[PDB]
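K.L.:
All I have is the shape, not the residue letters:
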């Protein structure tokens, strides 16, 4: 979690969401 699926950095603030919102958070906010 914390964007481990998509990123080398970590953003736990993306946790706790439904799937598309999680993915958006990770790829556009955590590690664009």
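P.N.:
Done, it's in. Residues are numbered from 1 along each chain as shown.

K.L.:
so how far is stretch 6-26 off the chain centroid?
P.N.:
2 Å (Cα atoms, centre = their mean, to the nearest Å).

K.L.:
okay, how far is it across it, tip to tip?
P.N.:
Start-to-end span of stretch 6-26 (Cα to Cα, to the nearest Å) is 7 Å.

K.L.:
what's next to it, contact-wise?
P.N.:
Counting contacts by Cβ atoms under 8 Å, 6 or more residues apart in numbering, the residues outside stretch 6-26 that touch it are 1, 2, 3, 4, 5, 27, 29, 30, 31. (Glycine included, C-beta is placed from N, CA and C.)

K.L.:
how about a cut-off of 10 Å?
P.N.:
1, 2, 3, 4, 5, 27, 29, 30, 31, 32 (Cβ atoms under 10 Å, 6 or more residues apart in numbering).

K.L.:
By neighbours, which of those wins?
P.N.:
Counting neighbours by other Cβ atoms under 10 Å, the top entry in the contacts of stretch 6-26 is residue 3, with 22 neighbours.
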